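Since the structure comes first, as structure tokens, the remarks are kept for the end.
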């Protein structure tokens, strides 16, 4: 399962697919992202238990080398005046994504951690 079986690998594609994130041997996150990379993209409403489902959009594509970041757009309570644009390097973005899924789905509460909100706000303390 590699990008050379899909579209011709650009240097951008090569660098985004280069990091193999794994906690043991194989990891379902890499091939799931390769499937999205084809142009399916991610857009939907993720259900946060204890509150309400908020729309989120994430797109993976060949972004320039110094800009090798994944961009996610999250609206708070589907309010367009409250839009968060959170983008991070492709090796750093998955760490954010696990914390996001873990905090809202696993704990079943709509309260974000203060240290997690520091990174979302973009406050360099």
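Read the figures in this text as sums done on the coordinates, not as results from a lab.
What do you get for the angle between helix 90-101 and the principal long axis of the chain? Use alpha-carbon atoms, 0 to 90 degrees, nearest ten.
30 degrees
Over the chain, what relative contact order in percent results from Cα pairs under 8 Å that are six or more residues apart?
The value is 19 percent.
Note down, for the chain, the three equivalent ellipsoid semi-axes (square root of 5 times each alpha carbon gyration tensor eigenvalue), biggest first, whole angstrom. Spell out each step's value before the answer.
On the way: eigenvalues 144, 50, 46 Å².
Rounded to whole Å, the semi-axes are 27, 16, 15.
Pulled fully out, how much extra length does the chain show between residue 15 and residue 35, if you take 0.36 nm times their separation in residues and subtract their Cα-Cα distance?
Working: separation 20, 0.36 × 20 = 7.20 nm, distance 1.66 nm.
Result: 5.5 nm gained on full extension.
Give me the extension gain from residue 99 to residue 73: residue separation times 0.36 nm, minus the current Cα-Cα distance, reported in nm with one decimal. Mind dumping the intermediate values first?
Values: separation 26, 0.36 × 26 = 9.36 nm, distance 1.60 nm.
Gain on stretching residue 99 to residue 73: 7.8 nm.
Highest GNM mean-square fluctuation, the chain, Cα pairs closer than 10 Å: which of 56, 112, 93?
Residue with maximal mean-square fluctuation among 56, 112, 93: 112.
When the helix-only estimate is applied to the chain (DSSP H runs of n ≥ 4, each -39,500 (n - 2.57), divided by the residue count), what is the mean residue ellipticity at 222 nm, nearest 500 deg cm²/dmol? Let's see the in-between values first.
Values: 4 runs with 34 residues, N = 125.
Result for the chain: -7500 deg cm²/dmol, rounded to the nearest 500.
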